[PDB]
Amino acid sequence: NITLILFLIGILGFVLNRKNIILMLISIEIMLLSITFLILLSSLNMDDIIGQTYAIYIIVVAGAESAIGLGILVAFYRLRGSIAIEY
Amino acid sequence: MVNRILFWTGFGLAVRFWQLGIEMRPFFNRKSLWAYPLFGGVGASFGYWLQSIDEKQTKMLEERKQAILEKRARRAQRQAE
Amino acid sequence: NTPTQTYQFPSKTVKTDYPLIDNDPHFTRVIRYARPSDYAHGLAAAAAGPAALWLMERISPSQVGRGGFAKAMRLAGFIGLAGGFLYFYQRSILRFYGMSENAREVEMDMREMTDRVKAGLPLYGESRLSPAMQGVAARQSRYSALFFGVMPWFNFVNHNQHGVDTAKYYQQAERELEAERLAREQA
Amino acid sequence: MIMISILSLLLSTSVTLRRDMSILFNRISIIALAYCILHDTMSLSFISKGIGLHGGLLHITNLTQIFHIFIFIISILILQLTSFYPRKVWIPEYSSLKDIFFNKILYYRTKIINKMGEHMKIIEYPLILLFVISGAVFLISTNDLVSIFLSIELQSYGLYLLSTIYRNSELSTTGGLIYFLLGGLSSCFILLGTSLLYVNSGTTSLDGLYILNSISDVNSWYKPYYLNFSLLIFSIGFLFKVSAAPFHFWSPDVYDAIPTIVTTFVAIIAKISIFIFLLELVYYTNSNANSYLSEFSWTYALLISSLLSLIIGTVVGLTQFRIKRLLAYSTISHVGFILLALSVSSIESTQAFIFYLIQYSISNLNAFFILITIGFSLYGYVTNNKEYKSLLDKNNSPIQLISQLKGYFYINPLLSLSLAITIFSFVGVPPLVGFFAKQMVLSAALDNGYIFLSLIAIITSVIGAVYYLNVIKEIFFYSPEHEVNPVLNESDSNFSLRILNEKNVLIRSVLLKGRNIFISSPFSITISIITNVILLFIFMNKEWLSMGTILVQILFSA
Amino acid sequence: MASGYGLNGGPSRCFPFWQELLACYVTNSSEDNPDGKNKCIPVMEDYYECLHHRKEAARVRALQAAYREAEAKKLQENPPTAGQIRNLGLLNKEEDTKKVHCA
Amino acid sequence: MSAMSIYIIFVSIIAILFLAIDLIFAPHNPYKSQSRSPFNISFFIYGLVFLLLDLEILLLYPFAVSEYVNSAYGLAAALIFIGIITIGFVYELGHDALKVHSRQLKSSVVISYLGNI
């Protein structure tokens, strides 16, 4: 239930935000944690170590994609000098 | 009028022709004339290969049709009861 | 010596043309059942790699610096050797799978395994792996050479999950154990 | 083999900083992918709906292996763009086989062939290229929910990297940011859909999900609403990655901003892997008995998106003036046709699906190849147009506006006809291969009672034809704005070329001009083969169409 | 779940239900009788019951109601205390064991 | 009450006491545009290579507590996994994304005398 509310918070990050692109990166991190938390709790209910394994690979991949996204942001910011959307 | 080797020999000949036209290079300069046998030779090789593929495809499709009448038969015969 | 269970595990049955010999043969079995043409195809494919890069340098020169081409050829030669070896392995293992004409391989397998039965040795040999881990190895490399264009894998384990009912090896062994018994008596 | 090549290329790449190695590394990647074709050609000698591999986490089908090879062949063709210089010097005195294979020619090539162009100096470009391929072929061969997620991220993250690898272009870094940010949101919906399947079913195995679907399709306490709803959320993320409407806004911006050579790969490879993956999942989840399951079938999201893509792709393309945005919208309309064929789950529509995907990939490849070749051809031409001067990233995207193609028929008539053939194949004019692709999809949709969608498909096709005609009108109906460069042919501006033998001894010395500078053979030949396949398909259709017929029979084999 | 590998290194607790369901499908479904997969329906419902427990929850909600309605009607003259129960089945607390057992 | 819970509370309490003393007894008086510059990419690289290498070490920790059951077969996969991530570190080292060589009399002119014309 908490995991569902957290997914909304990550969803709501995209609704409320017109100009903060950094918040877009953070809202993906919230969504991914919410989905991993749901898998972890379900894996506990169904006594299944595969759920924990799936969550570990989501942490690995979401950590890997955070680094790519920050690198892409750095290449973007090197040329623009701002992460602000003019709106 | 669908001959695999004749068509694909010509296809390779047409590839060289269109290529030279695309480059806006002369279509027949005598020192480059080896290319049309080469392009048509590779084209003929592709079409001898397509021959063998078509043969195996025909056998496999023919085998599938038999399995389809076979399935309809034993279903229809089961309905006779 | 028949264990009354010649088909211990549920295997995957695949429609092919020729009889299945082994769903997962041992690395060494796939090298020992290789044909002379398999070696011929192996190096010829391996030579193609650096030869293609060489031909791509003769017709359309890369304009690279002094030592660049030697470095590129070294990587191309290794790529061709890896690619050529996998092609050689696939040609031999496809006959075990029954996906290529394998009459010669069927014969020598029938011979080789029968000799093991009467000698007392296990059909596929002895493993240092736990039986559970042998199942893991069997379920990992089983038919794995069909995936060689993406990911390579080889069976180096001695397990008893080869996809084949093993009654055929015991019938022959028993059958020609009596032939040697009758011949011994008539002497 | 793809994994050995990636590791081997990386090790060779790791210990070098020489940007003149980039062209060589691209050629080795072509050689490496040729071995990958060989190993997968070896693997097609069996008939099966599927063989689970490697502990059941992967699988292989005849379909899977056919489209591994297709992905490899498309990647080899695209890799030519970074493996051969765009222009060459040709002369009749160096055209014999004894010449090309025993003698050498010498001239100042650097400026002529653009030896130091940006697309020839990126060492790691072929390596990131192979990473995307690995994600695409792993996604095809995926049998498990976790394998699905890992393969789609592997392919997706590589595409973000490729969109940004031109790190000095403000356009490319901007396009890389947009794809990653909206692509990362799309990946949450895929992970959410996969996770909802696991939490309800208790398995990550696609086999087990199909078994659960099959028994539940009967005609109480745990009614399986989760499967359609989860796959609906799961599918939405895949609709973004194929740029299907209404999830398509990102692609006209990303395709235009990133360099054209990058756009060629990025806009082609990803649709093939996702659509093929979706095809099997559509088949095994397709309910037979008209029960409460079929009314909530997730595949209506595919039918709605096909409808929305048919309209958006054709209507919005009407006012595009930039050529790459038009191709992006032209693609959206074509995935509308592709998604209709995937949604009708018939034997006929699956043959139509398989044929349409391959012929569109070939055709869209030709359009990009022709567009890059026209860009490399304008080197010996100048223009005084004030609009063209104000273009950004002219080196990365030489052709950015449809107006730049004005009078290209007078600059290169036969190359302009190849463009016209390709575009006429996009509209569906017989007897071009594009017509036969649309014809099969419409006949299969009509035979399954999809009358309303078939009628919208024909109506949107006429609207789509308008901007297709608009490209053709600029090439043929007007005189060009580009003039040949005066200083390239001024009766005294001649550069020198030496012809030397095997022993580096002089044979001849010839003075050359701009009219001796031609398009490189790899690009002209690839355009020429594909153009003739499009034009002459009616004489060569038996094997190509029989392959898909057999593939569908295996998939449908009761 | 269906994996067969539990949290403590042993097998997953619903795996026997998952093996049975797969066993019922493979041996009663076929190409000849597509209706043979109907038999696998109660086996499927048992598997979902092991995973989620919605039936067992429903059964105990009803049973707790009847149980907690019977204890209100009765009057407990002398119910056992926590201390005495802690002495149940012990080496030198027979009186507490007898009192709790109402023997 | 678990010894771990009381431990956490006590350590927190110590921190509050130190804050409280300096907030209550220490003196307090009211004793209380900006330029910008580019930042160094080496800081992003240190964090990036740390994170990616931190993940790979994490993925090997299950092996170290499972070595007995994994035996030879699990060791092969661990070695395959280590070999793949080692190649990415070679890329890190070979390209020096941390600027290993950040800090660093052949004469182009040779003259020849020929004499009087």
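Every chain is numbered from 1, with letters handed out A, B, ... down the list of sequences. Only heavy atoms go into these numbers, but all of them, side chains included; no hydrogens, no water, no symmetry mates.
Panel note: side chain D:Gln351, backbone D:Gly548; no donor-acceptor pair is recorded below 3.5 Å. A donor-acceptor distance shorter than 3.5 angstrom exists from the side chain of C:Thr16 to the backbone of C:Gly98, with no hydrogens or angles considered. Without hydrogens or angle criteria, D:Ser151 side chain to D:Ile148 main chain gives no donor-acceptor distance under 3.5 Å. Of the possible polar contacts, one joining the D:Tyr35 side chain to the C:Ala45 backbone as a donor-acceptor pair under 3.5 Å is found. Checking side-chain atoms of C:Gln90 against main-chain N and O of D:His39 turns up a donor-acceptor pair under 3.5 Å. A distance-only check finds no donor-acceptor pair linking the side chain of C:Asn23 to the backbone of C:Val164 [under 3.5 Å].
Side-chain contact annotation: C:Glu176 with C:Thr114, donor-acceptor N/O pair under 3.5 Å absent. Inspection of the D:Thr285 and D:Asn213 side chains reveals no N or O donor paired with an N or O acceptor under 3.5 Å. For the residue pair A:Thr53/E:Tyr5, the side-chain donor-acceptor check at 3.5 Å is not satisfied. A donor-acceptor contact closer than 3.5 angstrom links the side chains of C:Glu112 and C:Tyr33. If you check the side chains of C:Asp165 and C:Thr6, you find a donor sitting under 3.5 Å from an acceptor.
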Does the pair C:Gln161 and C:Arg142 meet the rule for a side-chain contact (heavy atoms from CB on, under 4.5 Å), with working shown?
CA-CA 9 Å; C:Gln161 352 202 353; C:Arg142 199 268 278 127; over 6 Å; no
Quick one, D:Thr142 with D:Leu150, criterion side-chain contact (heavy atoms from CB on, under 4.5 Å). Give me CA distance, side-chain angles, the key distance, then yes/no.
CA-CA 10 Å; D:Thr142 278; D:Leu150 292 172; over 6 Å; no
Begin with the C-alpha distance, continue with both residues' side-chain angles, and end with the deciding distance and a verdict on ring-ring contact (aromatic ring centres under 6.0 Å, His included) for B:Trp49 and B:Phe46.
CA-CA 5 Å; B:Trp49 175 74; B:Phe46 190 95; 5.2 Å; yes
Pair D:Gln155, D:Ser273 - check side-chain contact (heavy atoms from CB on, under 4.5 Å), show working.
CA-CA 9 Å; D:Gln155 163 186 314; D:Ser273 52; 2.7 Å; yes
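Within a 6.0 Å sphere centred on NZ of B:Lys65, heavy atoms belonging to other residues, nucleotides or ligands number more than 12. Shown here is C:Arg128, whose CZ atom has no more than 12 heavy atoms of other residues, nucleotides or ligands within 6.0 Å. Counting non-hydrogen atoms of other residues, nucleotides and ligands closer than 6.0 Å to CZ of C:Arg111 gives a total above 12. In this structure, B:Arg75 places its CZ atom where only 12 or fewer heavy-atom neighbours from other residues, nucleotides or ligands lie under 6.0 Å away. Surrounding CD of C:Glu185 are more than 12 heavy atoms belonging to other residues, nucleotides or ligands, all under 6.0 Å away. Residue-environment remark: OH (B:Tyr48) stays at or below the threshold of 12 foreign heavy atoms within 6.0 Å. Residue A:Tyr57 places its OH atom among 12 or fewer non-hydrogen atoms of other residues, nucleotides or ligands, all under 6.0 Å distant.
Under the 30°/60° scheme for interplanar angles, the aromatic rings of C:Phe27 and C:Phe154 are found to stand perpendicular. Using bins of under 30°, 30° to 60° and over 60° for the plane-to-plane angle, the ring pair D:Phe70/D:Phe67 lands in the perpendicular bin. Ring orientation note: the planes of C:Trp153 and D:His54 are nearly perpendicular, at an angle over 60° on the 30°/60° scale. C:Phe88 and C:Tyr39 have tilted rings, their planes meeting at an angle from 30° to 60° on a 0 to 90° scale.
If you run side-chain contact (heavy atoms from CB on, under 4.5 Å) between D:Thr204 and each of D:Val146, D:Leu57, D:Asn143, only D:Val146 comes through. When each of C:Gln140, C:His159, C:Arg29, C:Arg139 is checked for a side-chain hydrogen bond (donor to acceptor under 3.5 Å, both in side chains) with C:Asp24, only C:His159 meets the rule. With C:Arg95 as reference, C:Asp38 is the one residue of C:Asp38, C:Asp22, C:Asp109, C:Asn102 to meet the side-chain hydrogen bond (donor to acceptor under 3.5 Å, both in side chains) rule.
Using a 4.0 Å cut-off between a side-chain N of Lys or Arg and a carboxylate O of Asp or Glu, B:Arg4 and B:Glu55 do not qualify as a salt bridge. For C:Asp17 and C:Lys15, the salt-bridge test passes: some basic side-chain N is under 4.0 Å from an acidic carboxylate O.
Between D:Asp40 and D:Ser43, the shortest heavy-atom contact is O-OG, 2.8 Å.
Distance check: C:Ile93 CD1 to C:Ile31 CD1 gives 9.5 Å after rounding to the nearest 0.5 Å.
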